[PDB]
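In the form deposited in one PDB entry, a lone chain appears below as structure tokens.
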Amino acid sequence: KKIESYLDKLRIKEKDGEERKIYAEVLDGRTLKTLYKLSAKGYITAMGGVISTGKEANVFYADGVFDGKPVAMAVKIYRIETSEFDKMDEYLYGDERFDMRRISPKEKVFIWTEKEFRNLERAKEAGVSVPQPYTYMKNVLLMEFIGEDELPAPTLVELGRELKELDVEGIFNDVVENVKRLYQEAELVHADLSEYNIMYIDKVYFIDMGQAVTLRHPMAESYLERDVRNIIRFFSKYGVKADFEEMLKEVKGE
């Protein structure tokens, strides 16, 4: 009559039936040990509810500790099961921080995770508005929780019409400025920047930096142009009048 898993070694607050069920479903044996280890080392204080679900990754809330202070965290967990070809691998093209000549393809997800963490660091250093990275281990990344009282900040697409009551032109400009810093200082380009991965509290936040490439990537320039078109498409719907070439110039500084 053996226990099924070691799930109960995790501190999960409001651990009733359904919360545990969710955790049991998404956590494999390896990830569980990792979460346990991050807890034992002091980073994770208690795990909370699901924040987002996805193909490549799931994100949960946690209370935690970083640099001697309590923090609210997003705990991003990359799914460990990986296919022989993922676009995440292609996103590594030309990134000198990583050479897959020293990794086993069964552990590439750890590289995706590290890359996202290092992108967050690089972005934050360049003054781009992104969650502060805290630490990472295996397929787990811990970063600043964007929002308040365990409610994640609304994405642009969630705000929708509401953007008109918060100076929508100012918000567009805030978006552009961040793309500019990301391009000129971080030398990064988001592969698919849109209303779906930009959050807003009292300023914009770019919240998924794993889907990014360095300027050495063959598609870096196309991704950038498409990003600009994405932004223009979206913000025009709310009355913002902007020109493609102007903002592309503004980001790149010709």
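Start at 1 and count along the sequence shown; that's the residue number. By rigid core we mean the largest C-alpha set that fits within 1.5 Å across both forms.
Determine, for stretches 163-171 and 136-144, which one has the higher mean CA B-factor as deposited.
Comparing 163-171 with 136-144, the higher average CA B-factor belongs to 163-171.
Which of the two stretches, 103-111 or 179-187, shows the higher mean Cα temperature factor in the record?
The entry gives the higher C-alpha B-factor average to 103-111.
If I read the C-alpha B-factors straight from the PDB entry, which of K124, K87, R79, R118 is highest?
Most elevated C-alpha B-factor of the set, per the entry: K87.
What third of the chain, by the recorded C-alpha B-factor, contains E195?
Middle third of the chain for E195's C-alpha B-factor.
By its CA B factor, does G29 count among the lowest, middle or highest third of the modelled residues in the chain?
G29: CA B-factor falls in the middle third of its chain.
Going by what the PDB entry lists, where does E56 fall on CA B-factor within its chain: lowest, middle or highest third?
It falls in the top third of the chain.
Test of reading the entry: by CA B factor among the chain's modelled residues, which third contains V213?
Ranked within chain, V213 CA B lands in the lowest tercile.
Where does the C-alpha B-factor of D202 rank in its chain, lowest, middle or highest third?
Middle third, going by the recorded CA B-factors of the chain.
One more form of this protein should be noted, the form deposited in another entry, which is absent from this view; the next part is about it.
Look at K13 and decide if its Cα position differs by 2 Å or more between the shown form and the other one after superposing on the rigid core.
Shift at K13: 2 Å or more after core fit.
Determine whether the C-alpha of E114 shifts by 2 Å or more between the shown form and the other one once the rigid core is superposed.
No: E114 shifts by under 2 Å between the shown form and the other one.
Would you tell me if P152 moves between the shown form and the other one by 2 Å or more at its C-alpha, with the rigid core held superposed?
The answer is no, as the C-alpha of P152 shifts between the shown form and the other one by less than 2 Å after core alignment.
How does the CA gap of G147 and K13 change in the other form versus this form, closer or farther, if it moves 3 angstroms or more?
The answer is farther, because the C-alphas of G147 and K13 separate from each other in the other form by 3 Å or more.
In the other form, do the Cα atoms of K13 and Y205 sit closer or farther apart than here, given a shift of 3 Å or more?
Farther is correct, given that in the other form the C-alpha spacing of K13 to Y205 is increased by at least 3 Å.
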